[PDB]
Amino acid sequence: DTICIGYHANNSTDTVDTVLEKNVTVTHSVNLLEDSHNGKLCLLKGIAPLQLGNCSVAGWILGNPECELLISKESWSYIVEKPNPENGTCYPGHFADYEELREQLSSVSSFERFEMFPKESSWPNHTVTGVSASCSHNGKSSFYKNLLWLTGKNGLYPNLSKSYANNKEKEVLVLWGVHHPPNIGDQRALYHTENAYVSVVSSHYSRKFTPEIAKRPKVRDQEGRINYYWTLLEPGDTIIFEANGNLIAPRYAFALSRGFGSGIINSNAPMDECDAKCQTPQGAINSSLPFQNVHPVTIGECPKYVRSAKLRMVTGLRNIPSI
């Protein structure tokens, strides 16, 4: 024969933490903490990631025909790679500012390639074929796609120079390599010179990188090496060459505008046309809940990685139901 006042008790068993008392039942609670992710690689905000293959960023722009796959595409938010990659440095050696180019081949807006110095109709009086068993394509031993090799011509190596003049209205990235053979006989019989010089010219940039010979080690087939280098040119700038030989000349040079510099993920997850705002080296992530936990390394505008065990926020009150 009474009137009471009371509160809600639910069918829900959810433990939460408070600064006062931890781990108690509540009628409503929101998980806040993010412990969940996609498990597949997605496209970040309108634009896709670079579907690479088995080469590398190095393999992509050095142009080993073992990834003749990469040529056509235009734009990507971030590149992909595996830990597996075989083909990058086709003819063994180091790549100049490698990992700096990885910070300037990430953020990609538009790509258009032009054969800057062709095999046919660019260098007369100098042999335009170049073959090494370190750089092979299924039985054949043909060179890269976007760089070409010079040796001497008819027992000789006549004088030369190449002065390109950019006008494409947007910036262009250029690629080349210097030669270092082990054997003196290998050096002498190839470039027919004793002290040869290399001139690389720009309004700011210039390095007189010299070949030098010794007893460099074996990465199968080649005891010698070829080392690759680069520089940038904006509209109205001039890259000038003056060589004697010993040089893998700039051939196909990549044109790109760009402004910012994003990132490059390397993983294994399959490409899906999923529109995701953020990506981990394991999958893709939301942007709803302000903080997440899968990996410290992420790409985009993301919920921030936390070490938390349980950030289950309470949206209800205590539970003593039944009857």
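The numbering used is simple: start at 1 and walk along the sequence shown.
Student: Which is higher on mean Cα B factor in this entry, 230 to 238 or 73 to 81?
Tutor: Mean C-alpha B-factor is greater for 230 to 238.
Student: Which of the two stretches, 164 to 172 or 114 to 122, shows the higher mean Cα temperature factor in the record?
Tutor: Higher mean C-alpha B-factor: 164 to 172.
Student: Name the one of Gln282, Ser56, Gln292, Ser257 with the greatest CA B-factor according to the PDB entry.
Tutor: Each of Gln282, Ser56, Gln292, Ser257 was compared by C-alpha B-factor; the highest is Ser257.
Student: Of the three thirds of its chain by CA temperature factor, lowest, middle or highest, which one includes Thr151?
Tutor: Middle third, going by the recorded CA B-factors of the chain.
Student: Using only modelled residues of the chain, where does the Cα B factor of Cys135 rank: lowest third, middle third or highest third?
Tutor: Answer is highest: the recorded C-alpha B-factor places it there.
Student: Sorting the chain's modelled residues by C-alpha B-factor, tell me whether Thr298 ends up in the lowest, middle or highest third.
Tutor: Its C-alpha B-factor, which the entry lists for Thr298, ranks in the lowest third among residues of this chain.
Student: In terms of the CA temperature factor given in the entry, to which third of its chain does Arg102 belong: lowest, middle or highest?
Tutor: Ranked within chain, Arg102 CA B lands in the lowest tercile.
Student: What third of its chain, lowest, middle or highest, does the C-alpha temperature factor of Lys145 fall into?
Tutor: Its C-alpha B-factor, which the entry lists for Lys145, ranks in the highest third among residues of this chain.
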